[PDB]
């Protein structure tokens, strides 16, 4: 029989209509720029840390590495910690996890520079054996 229901328009994106009250301009452009200049700024520093050692490099290795790794694990986390597969709230936790990671990174480095041998001497001593 042809005695059955009325159906609706199939799910379909209408790029004008949905465009209406959804005009926002909050650009990640200017951030992505810097974190590449920052990575490019780090270029000369890595080989410098092979040559010039001691207690002051140790501090800006820690410094600049913390901040790079911060913008870094944040992108790796958006990727593998998506809410589709973790549920909405366990996923927000992984976002917040990110900060905790960036922040324990520094604490831990700072500490190691301040109480143990420092990054650069650490390198030396493993390379001595």
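Residue numbers count along the first chain shown, from 1.
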Q: Output the stretch having the higher mean C-alpha B factor in the entry; the candidates are 14-22 and 104-112.
A: 14-22
Q. If you rank every modelled residue in this chain by C-alpha B factor, which third holds residue 44: lowest, middle or highest?
A. lowest
Q: Select lowest, middle or highest to describe the third in which the CA B-factor of residue 28 falls within its chain in this entry.
A: highest
Q) Within this chain, which third does the Cα B-factor at residue 95 fall in: lowest, middle or highest? A) middle
(Q) Using the temperature factors of the C-alpha atoms in this entry, rank residue 54 within its chain: lowest, middle or highest third. (A) highest
